[PDB]
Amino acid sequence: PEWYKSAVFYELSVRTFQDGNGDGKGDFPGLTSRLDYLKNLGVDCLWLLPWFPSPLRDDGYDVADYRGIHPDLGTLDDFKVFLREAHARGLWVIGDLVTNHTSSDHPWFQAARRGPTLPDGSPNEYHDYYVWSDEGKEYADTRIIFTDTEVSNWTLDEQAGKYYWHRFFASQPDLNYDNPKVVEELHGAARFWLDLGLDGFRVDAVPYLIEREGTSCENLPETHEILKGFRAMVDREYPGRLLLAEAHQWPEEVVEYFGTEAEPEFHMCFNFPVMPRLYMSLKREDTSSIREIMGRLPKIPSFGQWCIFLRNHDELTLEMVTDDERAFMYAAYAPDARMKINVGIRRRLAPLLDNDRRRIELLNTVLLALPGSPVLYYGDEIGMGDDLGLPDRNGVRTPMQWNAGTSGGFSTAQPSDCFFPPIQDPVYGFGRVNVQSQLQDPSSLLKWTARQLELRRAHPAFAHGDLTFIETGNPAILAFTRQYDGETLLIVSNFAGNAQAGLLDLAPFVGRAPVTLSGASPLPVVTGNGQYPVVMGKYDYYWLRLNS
């Protein structure tokens, strides 16, 4: 009955989604002139990447002003228009709150490098906004996230004469949360956008706020306690608004970012731990990884909801699989050197799947049939490729391809003038892969996606239903139930590339009619001991309901 539970999220980047000024970069008037596409696609809630003033050393995750609107994208007036227009269509909009760090260009860190005591004598209140060390020897058992760039997590600052902490890029100094004033600053940054009517934030790099000696400085308890404070605020001051976390960690630690009915934290976390096992299972044709990891997720509080996703603006991340699993995921999905960046693969959905529609359709149904609310990477619903010529994780962020005209419909600037080049190779280029062509293709991947979402939308068990795996006895075939209110769903997906047989244990269901959700065609009723034989085509999926 929470709104975000039955929602369907869509992730996009105002700078890559739609130009409006012909400038080569997208803007909020560009995004605003396309809200009819998102609603009519079947999106409920837009998640927009960071839109704040930034030098874009990390595409806006180095925020320079938490209450502004990056010029490229237009004005705070523009932003308040877009919020009115999406709200009129019944779309929620959530932003990206970058709590762990700011840009080195931020007024705060510009002030901070002035040292602790000021020229006139007085305290320098911004010095302890950030995290300083004299020689940089604290925190030594901590992994470095941005592997192909950073070599320490401490950087020397010329003016300050001291060292400063950054879990990410050197130009992204970490904020010091033992500073009470810093917590009050973010609360103030949140309140500003939540007073303009934003429906919540997806919160970034949450596990890295506090760092302590003798720990990996991930998932610390005092970090969790900061986060409950946000939840505490937003619950009191904005009943309704949504906190959604990106906690890339192992299933045992991720669930804690929900934390407790009495001490609530996030409303939604991403189900990072299933998403690599999905790709893994396609190559091993062995879905067992999916169950093992799903079984390491303990129950989440009543308010809690999983955000299911396949790709996103970051790389496909192998930071939380075993050493062998990572070796395997590079071997199978990263044959080239260029394809890998810091423990991960910078490739979009369709290249990863050899542009196989069956496989794209397979993983999308699993994404819609796994428990939670699903998020869609922009462009992936028409089958966009990538540009591995672009540096660091940007090749998956090429601009939305809207038609076959200039620069894909994204701009009227020539492709070489756009912020990222719009893709125009023979396979995934906008002349072949574009939204106009797919609004008129009765069988386009666009129309299949939207049909799929109508199909999920008609069956509340997909959002709120429980989940129960059933044994099948063929590891290529994955099957499970979703029961909720009236109906019980039965979802059986073939993860292998040719016809597979399988013996489903439907013991608890003897005597039910299993029927197709698309048009109610009947299969045999379950009888005897409830071992239900099935054959599946290559990469098939059956979405079924069990009548009784």
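Numbering starts at 1 and runs along the sequence shown.
Next on the checklist: When the Cα temperature factors in the entry are averaged, is it 150-158 or 87-95 that ends up higher?
Outcome noted: If you average the C-alpha B-factors of 87-95 and of 150-158, the larger mean comes out for 150-158.
Next on the checklist: If you take the mean CA temperature factor per stretch, which one wins between 424-432 and 172-180?
Outcome noted: Mean C-alpha B-factor is greater for 172-180.
Checklist entry - Checking the entry, which one of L368, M384, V375, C269 has the top C-alpha B factor? => result Each of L368, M384, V375, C269 was compared by C-alpha B-factor; the highest is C269.
Item to check | Out of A332, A404, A337, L445, highest CA B-factor residue | outcome: That would be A337, according to the entry.
Checklist entry - For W306, does the deposited CA B-factor place it in the lowest, middle or highest third of the chain? => result CA B-factor rank for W306: middle third.
Checklist entry - Lowest, middle or highest third of the chain for the C-alpha temperature factor of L12? => result Lowest third, going by the recorded CA B-factors of the chain.
Item to check | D27, C-alpha B-factor rank within chain (lowest, middle or highest third) | outcome: Lowest third - that is where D27 ends up once the chain's C-alpha B-factors are sorted.
Checklist entry - Going by the entry, which third of its chain does the Cα temperature factor of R34 land in? => result For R34, the deposited C-alpha B-factor lands in the lowest third.
Next on the checklist: By the recorded C-alpha temperature factor, relative to the other modelled residues in its chain, which third is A327 in?
Outcome noted: Lowest third of the chain for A327's C-alpha B-factor.
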